[PDB]
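What follows is a single chain, given as structure tokens, in the form deposited in one PDB entry.
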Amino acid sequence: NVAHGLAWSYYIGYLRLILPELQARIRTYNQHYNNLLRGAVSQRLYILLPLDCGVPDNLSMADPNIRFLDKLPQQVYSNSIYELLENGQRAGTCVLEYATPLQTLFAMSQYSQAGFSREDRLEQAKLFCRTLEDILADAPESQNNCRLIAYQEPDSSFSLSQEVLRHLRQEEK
């Protein structure tokens, strides 16, 4: 039942650290990194939670319509702005990253001495989102600075860019 510790550490040792000074680093990119143009990166941190726990080290490997734009300026943690493409053109920009602890779950199910099957993994990943949802709920302001994008995959097709673009548009209003 590793999910509990996974969620607490991820909030306590990461989110609660970067999330407070988050929107600031963004308006800095949007308004103080250029003279000629205002940037339009969303205000929130988008966290990918594939319940499959696959974490490609390049999001273009997950979707060529997700392209790295720039590093979120600092103030040390490194974050990444991405543009999302739709029909060959930019539909949004946000800071985007995987929830790193899913790597632990993935790796746990590739390691014999753990007795960890794909079904264990899934059961644990879902548990992880729910625990994290709950922590962020009872955590002041934090829940508002970020949005959780949990998803699985069928056997049709799946667009990660469309998935993000949803919240990226559903938040414009």
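Residue positions are given as counts along the sequence shown, with the first one as 1. If you superpose the two forms and keep the largest set of C-alpha atoms that fall within 1.5 Å, you have the rigid core.
- For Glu21, the fraction of other compared entries lacking coordinates, among those that model flanking residues, is zero, nowhere near a third.
- In the comparison with other entries of the same protein, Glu163 is given coordinates in all of those covering both sides of it, so it never reaches the one-third threshold.
- Per the record, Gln75 and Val76 are separated by 10 or more deposited residues that are missing from the model.
- Judged by mean Cα B factor in the deposited record, 157 to 165 ranks above the other of 7 to 15 and 157 to 165.
- 121 to 129 and 33 to 41 differ in mean CA B-factor, and the higher of the two is recorded for 33 to 41.
- Residue-level inspection of the entry shows that, of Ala137, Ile47, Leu69, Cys53, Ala137 has the top Cα B-factor.
- In the deposited entry, the Cα temperature factor of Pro101 places it in the lowest third of its chain's modelled residues.
- Among the modelled residues of the chain, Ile149 sits in the lowest third by CA temperature factor in this PDB entry.
What comes next is about the form deposited in another entry, which is not displayed.
- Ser109 shows a C-alpha shift of 2 Å or greater between the shown form and the other one [criterion: core-superposed Cα displacement of 2 Å].
- With a cut-off of 2 Å and the rigid core superposed, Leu37 has a Cα displacement that reaches or exceeds the cut-off between the shown form and the other one.
- Shown here is a form in which the CA atoms of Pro20 and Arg38 lie at least 3 Å closer together than they do in that other deposited form.
- Figure legend: C-alpha atoms of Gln43 and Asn34, shown here, are separated by at least 3 angstroms less in that other deposited form.
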